[PDB]
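Working notes for the structure below.
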Amino acid sequence: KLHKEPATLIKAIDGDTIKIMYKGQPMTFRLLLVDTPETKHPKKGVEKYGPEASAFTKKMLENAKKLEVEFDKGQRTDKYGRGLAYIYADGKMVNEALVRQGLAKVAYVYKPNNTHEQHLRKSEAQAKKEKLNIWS
């Protein structure tokens, strides 16, 4: 069953990509199942809510007493060598918080990495009904 492990923030890069110290090593992590608008983009530039999703993630992680990472049951790294996980700040999942606030859409899902898909989908529909940010 999925279990949490300790990690240490190094640097938030943007809304859904962060650098953390994981088991002694610095790595880049990508937040599972969510897409935040982009600040660092090749073609297009800062997308709308990009700067916002990324301040959110930054504040949430920097203010936490405790950071934990939760791997899903599939591949734990993507083709760019980024960890793939659910991230928790004092017990609150960053991935769901982003979605609940209308600052992320639920991503395209790849089984078997999809254990919190329903919950997340729950929160996105609520942010939709409340027409928050993305959904305004």
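These residue numbers are counts, starting from 1, taken along the chain as shown.
Using the three backbone atoms N, Cα and C, a Cβ is placed for every residue, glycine included.
What Swiss-Prot lists as Ca(2+) binding site is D16, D35, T36. Swiss-Prot lists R30, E38, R82 with the feature active site, giving experimental evidence as the kind of evidence. Taken from Swiss-Prot, the feature compositional bias 'Basic and acidic residues' covers 116-132.
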Most Cβ neighbours within 10 Å, among the recorded positions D16, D35, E38, goes to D16
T36 (Ca(2+) binding site) has its Cβ surrounded, within 10 angstroms, by a count of other Cβ atoms equal to 25
Listed recorded positions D16, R30, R82; those within 10 A of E38 (active site), CA to CA, turn out to be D16
Rounded to a whole number of Å, the separation of the Cα atoms of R82 (active site) and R30 (active site) comes to 6
Across the compositional bias 'Basic and acidic residues' (116-132), DSSP yields 13 helix, 0 strand, 4 coil
Students should find that the Cα atoms of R30 (active site) and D16 (Ca(2+) binding site) sit apart, in Å rounded to an integer, by 6
Same-chain neighbours of the Ca(2+) site, Cβ within 8 Å of the mean position of the Cβ atoms of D16, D35, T36 and not counting those residues, run in sequence order as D14, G15, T17, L31, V34, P37, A53, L98, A104, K105, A107
Simplified DSSP label at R30 (active site) comes out strand
Across every protein chain in view, the count of C-beta atoms other than its own within 10 A of the C-beta of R82 (active site) is 17
